[PDB]
Amino acid sequence: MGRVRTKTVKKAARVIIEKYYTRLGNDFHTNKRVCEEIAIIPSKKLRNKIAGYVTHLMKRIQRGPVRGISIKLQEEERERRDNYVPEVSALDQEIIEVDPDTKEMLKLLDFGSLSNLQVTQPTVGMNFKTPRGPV
Amino acid sequence: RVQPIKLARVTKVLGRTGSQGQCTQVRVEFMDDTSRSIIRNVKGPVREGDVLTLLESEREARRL
Amino acid sequence: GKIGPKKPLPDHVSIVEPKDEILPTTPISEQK
Amino acid sequence: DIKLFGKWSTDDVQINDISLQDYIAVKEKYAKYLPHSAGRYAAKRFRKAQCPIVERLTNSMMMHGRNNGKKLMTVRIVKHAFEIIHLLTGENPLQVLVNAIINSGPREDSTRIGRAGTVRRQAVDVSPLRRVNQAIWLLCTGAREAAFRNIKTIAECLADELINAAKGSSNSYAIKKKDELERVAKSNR
RNA sequence: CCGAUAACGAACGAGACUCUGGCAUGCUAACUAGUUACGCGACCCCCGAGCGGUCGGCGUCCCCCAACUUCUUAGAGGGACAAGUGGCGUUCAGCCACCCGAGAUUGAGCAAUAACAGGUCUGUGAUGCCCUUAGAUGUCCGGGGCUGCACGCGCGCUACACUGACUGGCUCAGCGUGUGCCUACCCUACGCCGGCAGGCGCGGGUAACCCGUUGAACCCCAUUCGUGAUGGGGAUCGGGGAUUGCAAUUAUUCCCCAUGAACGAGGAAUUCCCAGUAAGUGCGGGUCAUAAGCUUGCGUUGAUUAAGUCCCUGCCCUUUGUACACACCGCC
Ligand SMILES: [Mg+2]
């Protein structure tokens, strides 16, 4: 127990992972060596605590989007978001479910009686609203 | 007539008790019947998977 | 070390700034 | 092949009750030539159960300040007491010690400080580890009290304490104390 | 610390840091450290070994006349990160267990804002005020006192015994000190005398060079004692002998022979303590002309119990109530 890492190591690990994600890897004994030259760390204990947290954070990064930024994950996001645009829209459906109450609204706006509109049967019962209070 | 001394094996530890931490409550199942199991407070260091003897069948059952 | 001490603060971590070094070009080979 | 104190093979000893088999350490890897193998047995919980029981007896037998570090003397005392118990019984001293521990370890006790209800307060069961610890403590206390102000040697008093506890004759201090504890636990049920 | 977020960005403290301990047959080195090997020896075996066994006996930096750094010393470095595996966890921060490993919580030092009518004017040529300043409260010298005892309390030492005491044999340390500005007073080997404390000559050491390979105690192995206030305990007290000092009476200390008192494990209460720890056990340093029952350190032997709780004693955070704010030892 008592193995909590403080701001001094966590912020440094996040910064060096952001700057040198490509060079860094899954090996603790190699991350401790790259930490020799990527930053000036006054103490060996501080440097290997930082290296251990770096390896832990890289294990987290290889699976998920940790708050520490990474250019590969950033460009993958910037791809997914602007892409997977479907070849056919979800808004060009041939038939559209239209309530008769909603149907009269289009009549005033004189855009009703379209082919894609299908006048359904409105629900009967008015059974909405949850039972009040407990039970 | 009197109930004989029997054995019960600890399956789970339910945490300390006794107003000083001096007892720990453990769920124990009788070696005679696996299904039949109760909870008893015992003293001394206890870990799951050990057998302790009982001089009586029922003494106590409560949840804290 | 004149105006003060030389050792940095023990908890002060300074990270050097790298260059770009992206190199997205095709694989070539300089001959020299 | 080990022969604790040069004799009395350990493999011939069988543990009586299932409850204390995992906590009495006499056989197989718990087979040492001497009960002095200081090996950091207090570094973690449930590690003294891996300490051989003769070493536990030796550690518990040096008490009351006048002899606290004198473990070589206690090893010698245990060796002699084993010689006497083998001489009296004809059976294995390790078996006698095991049976004495089984019969001396109390099975129930009392606890809680709720205004001291009847004797202590509320009855409680005891763990196997505490059974072993209290058995060894009771045996050592009985031997020490028996041999304090008289001509009988520590080895002889330890021998007769262990013999009486193994045979359950109720002539032993450990057995009498165990019976008293069980009685007050019954009253505090 | 992760996260939630009218907060964001910081600063101190904690941590980080320094010293110490544990591992490096890896590097650097060693006549003020050694180890091996070899040559001279000395003793035993000698049937017959003989590259036999022992030597803290002498040599091979007495410079051409051996190597090496394992042991010792001490520097540079390395090494351990919750790093690897399994499980728990929002799968976050982390937690538990296990493997490998010397090491998976080694001990210390330092240590915030604010404060106390806490202690020191008897540490200071730190100091304000006040007092005294020649029949002195200055300073010096002589003597006495600080020790004085119907009694109460605190820190300790020795014990109450056979898990012991006495007698003998054997056997193992680490800290660290050691010849003086003034200032006079060091640690001591070896030889002789004495029963002892000591005394008398000769050295060595300003020191990994000499004490010193610190032949420590406990422990270990043999002897006597035999459950008794006994060979337990050594208080009290008589006589004698030395040492320090200018001076030993109100005994400075030490030695010898006599006396062997309470004390047979201690009420109510109450202290300290989690691993090389408690405790047993000695040895250094400080004080020291003479000196430790004190203290500060060091080694040696070396455990029982526990890996929890808020019950007592308190502490921290939140909510809460308050007629308190000299703050519940309050107020009324
Ligand atoms: Mg005598």
# chains A, B, ... in the order shown; residues from 1 in each chain; ligands from 1
>>> interface_residues(of="chain E", to="chain A", cutoff="8 Å", atoms="only C-alpha atoms (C1' of nucleotides)", output="PyMOL selection string")
chain E and resi 1+15-16+81-83+94-95+105
>>> write_last_selection(atoms="N, CA and C atoms (P, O5', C5', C4', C3', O3' and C1' of nucleotides)", output="PDB file, in the first residue's frame")
ATOM      1  P     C E   1      -1.497  15.715  -4.996  1.00  0.00           P
ATOM      2  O5'   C E   1      -2.416  14.654  -5.751  1.00  0.00           O
ATOM      3  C5'   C E   1      -1.939  13.983  -6.906  1.00  0.00           C
ATOM      4  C4'   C E   1      -2.720  12.726  -7.205  1.00  0.00           C
ATOM      5  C3'   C E   1      -3.939  12.872  -8.096  1.00  0.00           C
ATOM      6  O3'   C E   1      -3.614  12.983  -9.467  1.00  0.00           O
ATOM      7  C1'   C E   1      -4.459  11.471  -6.273  1.00  0.00           C
ATOM      8  P     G E  15       6.903  14.103   4.059  1.00  0.00           P
ATOM      9  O5'   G E  15       6.900  13.751   2.509  1.00  0.00           O
ATOM     10  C5'   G E  15       6.215  12.611   2.020  1.00  0.00           C
ATOM     11  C4'   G E  15       6.005  12.697   0.533  1.00  0.00           C
ATOM     12  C3'   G E  15       7.263  12.749  -0.313  1.00  0.00           C
ATOM     13  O3'   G E  15       7.842  11.479  -0.534  1.00  0.00           O
ATOM     14  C1'   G E  15       5.808  14.451  -1.007  1.00  0.00           C
ATOM     15  P     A E  16       9.417  11.269  -0.311  1.00  0.00           P
ATOM     16  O5'   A E  16      10.093  12.105  -1.486  1.00  0.00           O
ATOM     17  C5'   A E  16       9.865  11.774  -2.847  1.00  0.00           C
ATOM     18  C4'   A E  16      10.153  12.941  -3.755  1.00  0.00           C
ATOM     19  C3'   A E  16      11.565  13.495  -3.690  1.00  0.00           C
ATOM     20  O3'   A E  16      12.495  12.757  -4.462  1.00  0.00           O
ATOM     21  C1'   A E  16      10.055  15.270  -3.484  1.00  0.00           C
ATOM     22  P     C E  81      12.801   3.419  -6.854  1.00  0.00           P
ATOM     23  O5'   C E  81      11.693   3.431  -7.995  1.00  0.00           O
ATOM     24  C5'   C E  81      10.321   3.240  -7.689  1.00  0.00           C
ATOM     25  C4'   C E  81       9.500   3.067  -8.942  1.00  0.00           C
ATOM     26  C3'   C E  81       8.090   2.535  -8.739  1.00  0.00           C
ATOM     27  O3'   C E  81       7.164   3.553  -8.406  1.00  0.00           O
ATOM     28  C1'   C E  81       9.158   1.340 -10.483  1.00  0.00           C
ATOM     29  P     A E  82       6.489   3.590  -6.952  1.00  0.00           P
ATOM     30  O5'   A E  82       5.574   2.289  -6.916  1.00  0.00           O
ATOM     31  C5'   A E  82       4.468   2.149  -7.795  1.00  0.00           C
ATOM     32  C4'   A E  82       4.488   0.816  -8.497  1.00  0.00           C
ATOM     33  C3'   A E  82       3.274   0.517  -9.370  1.00  0.00           C
ATOM     34  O3'   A E  82       3.680  -0.221 -10.518  1.00  0.00           O
ATOM     35  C1'   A E  82       3.477  -1.143  -7.704  1.00  0.00           C
ATOM     36  P     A E  83       3.607   0.458 -11.970  1.00  0.00           P
ATOM     37  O5'   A E  83       4.451  -0.522 -12.895  1.00  0.00           O
ATOM     38  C5'   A E  83       5.590  -0.054 -13.599  1.00  0.00           C
ATOM     39  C4'   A E  83       6.515  -1.188 -13.950  1.00  0.00           C
ATOM     40  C3'   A E  83       5.847  -2.526 -14.215  1.00  0.00           C
ATOM     41  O3'   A E  83       5.298  -2.637 -15.514  1.00  0.00           O
ATOM     42  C1'   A E  83       7.644  -2.844 -12.740  1.00  0.00           C
ATOM     43  P     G E  94      -2.158   6.065  -8.566  1.00  0.00           P
ATOM     44  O5'   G E  94      -2.310   5.644  -7.041  1.00  0.00           O
ATOM     45  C5'   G E  94      -2.283   4.281  -6.656  1.00  0.00           C
ATOM     46  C4'   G E  94      -3.563   3.880  -5.972  1.00  0.00           C
ATOM     47  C3'   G E  94      -3.544   2.527  -5.283  1.00  0.00           C
ATOM     48  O3'   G E  94      -2.971   2.587  -3.994  1.00  0.00           O
ATOM     49  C1'   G E  94      -5.486   2.705  -6.606  1.00  0.00           C
ATOM     50  P     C E  95      -1.983   1.428  -3.496  1.00  0.00           P
ATOM     51  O5'   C E  95      -2.963   0.267  -3.029  1.00  0.00           O
ATOM     52  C5'   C E  95      -3.951   0.508  -2.042  1.00  0.00           C
ATOM     53  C4'   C E  95      -4.896  -0.657  -1.915  1.00  0.00           C
ATOM     54  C3'   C E  95      -4.248  -2.022  -1.778  1.00  0.00           C
ATOM     55  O3'   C E  95      -3.814  -2.293  -0.460  1.00  0.00           O
ATOM     56  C1'   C E  95      -5.965  -2.132  -3.391  1.00  0.00           C
ATOM     57  P     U E 105       5.795  -2.945   0.690  1.00  0.00           P
ATOM     58  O5'   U E 105       7.004  -2.338   1.527  1.00  0.00           O
ATOM     59  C5'   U E 105       7.685  -1.168   1.087  1.00  0.00           C
ATOM     60  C4'   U E 105       8.074  -0.268   2.236  1.00  0.00           C
ATOM     61  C3'   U E 105       8.652  -0.974   3.464  1.00  0.00           C
ATOM     62  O3'   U E 105       9.630  -0.132   4.071  1.00  0.00           O
ATOM     63  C1'   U E 105       6.739   0.247   4.088  1.00  0.00           C
TER      64        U E 105
END
>>> residues_near_ligand(ligand="ligand 1", cutoff="9 Å", atoms="only C-alpha atoms (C1' of nucleotides) and all ligand atoms", output="NGL selection string")
:E and (165-166 or 231)
>>> residues_around(residues="residue 21 in chain B", least_positions_apart="6", cutoff="12 Å", atoms="only C-alpha atoms (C1' of nucleotides)", output="PyMOL selection string")
(chain B and resi 15+41-45) or (chain D and resi 111-112) or (chain E and resi 306-311)
>>> select_by_dssp(residues="chain B", states="strand (DSSP E)", output="count of residues only")
31
>>> residues_around(residues="range 102-107 of chain A", least_positions_apart="6", cutoff="12 Å", atoms="only C-alpha atoms (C1' of nucleotides)", output="VMD selection string")
chain A and resid 96 113 to 114 117 to 122
>>> atom_distance(atom1="CA of residue 187 in chain D", atom2="CA of residue 4 in chain B")
17.8 Å
>>> atom_distance(atom1="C1' of residue 110 in chain E", atom2="CA of residue 1 in chain C")
23.8 Å
>>> closest_residue(among="C:3, C:22, C:9, C:15", to="chain A", atoms="only C-alpha atoms")
C:15
>>> interface_residues(of="chain E", to="chain D", cutoff="9 Å", atoms="only C-alpha atoms (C1' of nucleotides)", output="ChimeraX atom specification")
/E:161-163,218-220,226-227,264,274-275,279-280,301-304,306-307,311
>>> select_by_dssp(residues="chain D", states="helix (DSSP H, G or I)", output="VMD selection string")
chain D and resid 4 to 6 18 to 20 48 to 50 53 to 61 71 to 89 93 to 104 128 to 147 154 to 167 173 to 187
>>> write_last_selection(atoms="C-alpha atoms", output="JSON list (two decimals), in the first residue's frame")
[["chain", "number", "residue", "atom", "x", "y", "z"],
["D", 4, "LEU", "CA", 14.84, -33.64, 15.14],
["D", 5, "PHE", "CA", 17.54, -33.59, 17.84],
["D", 6, "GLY", "CA", 19.15, -36.57, 16.13],
["D", 18, "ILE", "CA", -8.95, -31.61, 10.98],
["D", 19, "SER", "CA", -9.27, -28.14, 12.52],
["D", 20, "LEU", "CA", -5.58, -27.84, 13.46],
["D", 48, "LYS", "CA", 3.83, -18.30, 12.03],
["D", 49, "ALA", "CA", 1.58, -21.18, 10.97],
["D", 50, "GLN", "CA", 4.46, -22.12, 8.65],
["D", 53, "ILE", "CA", 5.76, -26.09, 16.24],
["D", 54, "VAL", "CA", 8.88, -27.02, 18.22],
["D", 55, "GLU", "CA", 10.31, -23.61, 17.37],
["D", 56, "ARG", "CA", 7.08, -21.98, 18.56],
["D", 57, "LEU", "CA", 7.38, -23.91, 21.83],
["D", 58, "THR", "CA", 11.00, -22.80, 22.17],
["D", 59, "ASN", "CA", 10.11, -19.17, 21.50],
["D", 60, "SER", "CA", 7.26, -19.22, 24.01],
["D", 61, "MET", "CA", 9.28, -20.99, 26.72],
["D", 71, "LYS", "CA", 17.13, -19.40, 23.07],
["D", 72, "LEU", "CA", 20.00, -21.89, 23.14],
["D", 73, "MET", "CA", 19.10, -22.74, 26.73],
["D", 74, "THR", "CA", 15.49, -23.18, 25.66],
["D", 75, "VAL", "CA", 16.52, -25.46, 22.79],
["D", 76, "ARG", "CA", 18.48, -27.53, 25.30],
["D", 77, "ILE", "CA", 15.47, -27.60, 27.65],
["D", 78, "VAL", "CA", 13.17, -28.79, 24.86],
["D", 79, "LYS", "CA", 15.67, -31.49, 23.88],
["D", 80, "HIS", "CA", 15.86, -32.79, 27.44],
["D", 81, "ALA", "CA", 12.08, -32.63, 27.99],
["D", 82, "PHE", "CA", 11.70, -34.67, 24.80],
["D", 83, "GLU", "CA", 14.12, -37.24, 26.22],
["D", 84, "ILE", "CA", 12.09, -37.50, 29.44],
["D", 85, "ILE", "CA", 8.73, -37.77, 27.68],
["D", 86, "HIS", "CA", 10.06, -40.49, 25.37],
["D", 87, "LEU", "CA", 11.49, -42.28, 28.40],
["D", 88, "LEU", "CA", 8.17, -42.17, 30.26],
["D", 89, "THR", "CA", 5.78, -42.98, 27.42],
["D", 93, "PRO", "CA", 7.66, -37.00, 21.77],
["D", 94, "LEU", "CA", 6.44, -35.10, 18.71],
["D", 95, "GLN", "CA", 3.20, -37.08, 18.80],
["D", 96, "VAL", "CA", 2.90, -36.37, 22.53],
["D", 97, "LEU", "CA", 3.45, -32.65, 21.92],
["D", 98, "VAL", "CA", 0.90, -32.60, 19.10],
["D", 99, "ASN", "CA", -1.72, -34.37, 21.20],
["D", 100, "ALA", "CA", -0.99, -32.06, 24.14],
["D", 101, "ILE", "CA", -1.54, -29.02, 21.92],
["D", 102, "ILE", "CA", -4.79, -30.47, 20.55],
["D", 103, "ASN", "CA", -6.12, -31.19, 24.03],
["D", 104, "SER", "CA", -4.88, -27.92, 25.56],
["D", 128, "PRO", "CA", -7.43, -22.54, 14.98],
["D", 129, "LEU", "CA", -4.41, -20.23, 15.09],
["D", 130, "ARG", "CA", -5.48, -18.81, 18.44],
["D", 131, "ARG", "CA", -6.12, -22.38, 19.62],
["D", 132, "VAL", "CA", -2.52, -23.30, 18.84],
["D", 133, "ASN", "CA", -1.14, -20.07, 20.33],
["D", 134, "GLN", "CA", -3.11, -20.39, 23.56],
["D", 135, "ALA", "CA", -2.23, -24.09, 23.87],
["D", 136, "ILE", "CA", 1.50, -23.37, 23.60],
["D", 137, "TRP", "CA", 1.20, -20.41, 25.98],
["D", 138, "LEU", "CA", -0.73, -22.48, 28.52],
["D", 139, "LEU", "CA", 1.79, -25.33, 28.37],
["D", 140, "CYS", "CA", 4.73, -22.98, 28.88],
["D", 141, "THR", "CA", 2.97, -21.17, 31.74],
["D", 142, "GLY", "CA", 2.11, -24.47, 33.41],
["D", 143, "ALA", "CA", 5.68, -25.74, 33.19],
["D", 144, "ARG", "CA", 7.10, -22.45, 34.48],
["D", 145, "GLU", "CA", 4.68, -22.30, 37.42],
["D", 146, "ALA", "CA", 5.30, -25.96, 38.23],
["D", 147, "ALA", "CA", 9.09, -25.56, 38.21],
["D", 154, "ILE", "CA", 12.30, -27.08, 33.94],
["D", 155, "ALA", "CA", 12.78, -30.05, 31.63],
["D", 156, "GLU", "CA", 10.97, -32.40, 34.02],
["D", 157, "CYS", "CA", 8.10, -29.99, 34.62],
["D", 158, "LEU", "CA", 7.70, -29.32, 30.90],
["D", 159, "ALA", "CA", 7.74, -33.08, 30.36],
["D", 160, "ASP", "CA", 5.01, -33.82, 32.89],
["D", 161, "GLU", "CA", 2.94, -30.84, 31.71],
["D", 162, "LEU", "CA", 3.04, -32.12, 28.12],
["D", 163, "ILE", "CA", 2.35, -35.71, 29.20],
["D", 164, "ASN", "CA", -0.66, -34.76, 31.31],
["D", 165, "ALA", "CA", -2.00, -32.50, 28.56],
["D", 166, "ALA", "CA", -1.58, -35.25, 25.96],
["D", 167, "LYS", "CA", -3.37, -37.83, 28.09],
["D", 173, "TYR", "CA", -2.40, -26.51, 34.52],
["D", 174, "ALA", "CA", -3.14, -26.05, 30.81],
["D", 175, "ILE", "CA", -6.07, -28.48, 30.91],
["D", 176, "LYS", "CA", -7.47, -26.91, 34.08],
["D", 177, "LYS", "CA", -7.27, -23.41, 32.58],
["D", 178, "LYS", "CA", -8.87, -24.63, 29.35],
["D", 179, "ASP", "CA", -11.71, -26.23, 31.31],
["D", 180, "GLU", "CA", -12.26, -23.01, 33.25],
["D", 181, "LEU", "CA", -12.38, -20.99, 30.03],
["D", 182, "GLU", "CA", -14.89, -23.39, 28.47],
["D", 183, "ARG", "CA", -17.01, -23.26, 31.63],
["D", 184, "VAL", "CA", -17.16, -19.47, 31.69],
["D", 185, "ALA", "CA", -17.88, -19.45, 27.94],
["D", 186, "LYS", "CA", -20.80, -21.80, 28.61],
["D", 187, "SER", "CA", -22.02, -19.46, 31.34]]
>>> residues_around(residues="residue 2 in chain D", least_positions_apart="5", cutoff="7 Å", atoms="only C-alpha atoms (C1' of nucleotides)", output="list in words")
residues 9, 31, 32 and 33 of chain D
>>> residues_around(residues="range 27-40 of chain B", least_positions_apart="5", cutoff="10 Å", atoms="only C-alpha atoms (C1' of nucleotides)", output="MDAnalysis selection string")
(chainID B and resid 6:14 48:54 57:63) or (chainID D and resid 124:125)
>>> interface_residues(of="chain C", to="chain A", cutoff="9 Å", atoms="only C-alpha atoms", output="mmCIF file with C-alpha atoms, in the first residue's frame")
data_model
loop_
_atom_site.group_PDB
_atom_site.id
_atom_site.type_symbol
_atom_site.label_atom_id
_atom_site.label_comp_id
_atom_site.auth_asym_id
_atom_site.auth_seq_id
_atom_site.Cartn_x
_atom_site.Cartn_y
_atom_site.Cartn_z
ATOM 1 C CA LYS C 7 21.432 22.470 -8.882
ATOM 2 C CA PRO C 8 17.780 22.722 -9.956
ATOM 3 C CA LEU C 9 14.852 22.235 -7.628
ATOM 4 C CA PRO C 10 14.544 18.483 -6.941
ATOM 5 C CA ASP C 11 10.867 18.417 -7.915
ATOM 6 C CA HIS C 12 11.381 20.655 -10.959
ATOM 7 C CA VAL C 13 11.267 18.613 -14.168
ATOM 8 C CA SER C 14 12.219 20.452 -17.358
ATOM 9 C CA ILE C 15 11.344 18.698 -20.621
ATOM 10 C CA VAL C 16 13.371 19.626 -23.687
ATOM 11 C CA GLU C 17 11.445 20.607 -26.806
ATOM 12 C CA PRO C 18 12.042 18.355 -29.837
#
>>> residues_around(residues="residue 66 in chain A", least_positions_apart="4", cutoff="8 Å", atoms="only C-alpha atoms (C1' of nucleotides)", output="count of residues only")
3
>>> atom_distance(atom1="CA of residue 34 in chain A", atom2="CA of residue 72 in chain A")
20.4 Å
>>> decode(residues="range 62-84 of chain A", atoms="N, CA and C atoms", output="compact mmCIF listing (two decimals), in the first residue's frame")
# COMPACT_ATOMS: atom_id res chain seq x y z
N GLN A 62 -2.81 2.58 -25.11
CA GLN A 62 -2.93 1.61 -26.19
C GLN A 62 -4.33 1.02 -26.29
N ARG A 63 -5.13 1.12 -25.24
CA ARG A 63 -6.52 0.69 -25.27
C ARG A 63 -7.50 1.85 -25.44
N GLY A 64 -7.37 2.90 -24.64
CA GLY A 64 -8.37 3.94 -24.61
C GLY A 64 -7.82 5.34 -24.82
N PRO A 65 -8.72 6.32 -24.92
CA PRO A 65 -8.33 7.74 -25.05
C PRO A 65 -8.12 8.44 -23.70
N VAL A 66 -6.91 8.26 -23.15
CA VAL A 66 -6.54 8.95 -21.93
C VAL A 66 -6.48 10.45 -22.19
N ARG A 67 -6.67 11.24 -21.12
CA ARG A 67 -6.65 12.70 -21.24
C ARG A 67 -5.36 13.23 -21.86
N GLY A 68 -4.25 12.52 -21.67
CA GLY A 68 -3.04 12.86 -22.38
C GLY A 68 -3.23 12.73 -23.88
N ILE A 69 -2.96 13.81 -24.62
CA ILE A 69 -3.25 13.83 -26.04
C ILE A 69 -2.23 12.98 -26.80
N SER A 70 -2.64 12.49 -27.96
CA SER A 70 -1.78 11.71 -28.84
C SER A 70 -2.19 12.01 -30.27
N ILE A 71 -1.21 12.24 -31.14
CA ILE A 71 -1.53 12.68 -32.50
C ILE A 71 -2.24 11.58 -33.28
N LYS A 72 -1.89 10.31 -33.05
CA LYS A 72 -2.53 9.22 -33.78
C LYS A 72 -4.00 9.09 -33.38
N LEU A 73 -4.28 9.11 -32.08
CA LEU A 73 -5.67 9.06 -31.63
C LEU A 73 -6.43 10.30 -32.07
N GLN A 74 -5.77 11.46 -32.08
CA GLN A 74 -6.43 12.69 -32.51
C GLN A 74 -6.81 12.62 -33.98
N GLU A 75 -5.91 12.12 -34.84
CA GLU A 75 -6.25 12.04 -36.25
C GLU A 75 -7.26 10.93 -36.51
N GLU A 76 -7.23 9.88 -35.70
CA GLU A 76 -8.24 8.79 -35.84
C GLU A 76 -9.61 9.39 -35.51
N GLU A 77 -9.69 10.16 -34.43
CA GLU A 77 -10.97 10.85 -34.10
C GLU A 77 -11.35 11.73 -35.28
N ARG A 78 -10.46 12.64 -35.68
CA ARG A 78 -10.77 13.56 -36.76
C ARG A 78 -11.17 12.83 -38.03
N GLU A 79 -10.85 11.54 -38.10
CA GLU A 79 -11.31 10.73 -39.25
C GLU A 79 -12.73 10.25 -38.94
N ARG A 80 -12.89 9.48 -37.87
CA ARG A 80 -14.22 8.88 -37.57
C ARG A 80 -15.29 9.97 -37.62
N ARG A 81 -15.05 11.11 -36.97
CA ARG A 81 -16.09 12.17 -36.89
C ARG A 81 -16.50 12.63 -38.29
N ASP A 82 -15.52 12.95 -39.13
CA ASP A 82 -15.88 13.54 -40.45
C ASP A 82 -16.17 12.44 -41.46
N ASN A 83 -16.15 11.19 -41.02
CA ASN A 83 -16.29 10.12 -42.04
C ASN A 83 -17.47 9.21 -41.75
N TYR A 84 -17.33 7.93 -42.09
CA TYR A 84 -18.47 7.03 -41.97
C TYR A 84 -19.77 7.76 -42.28
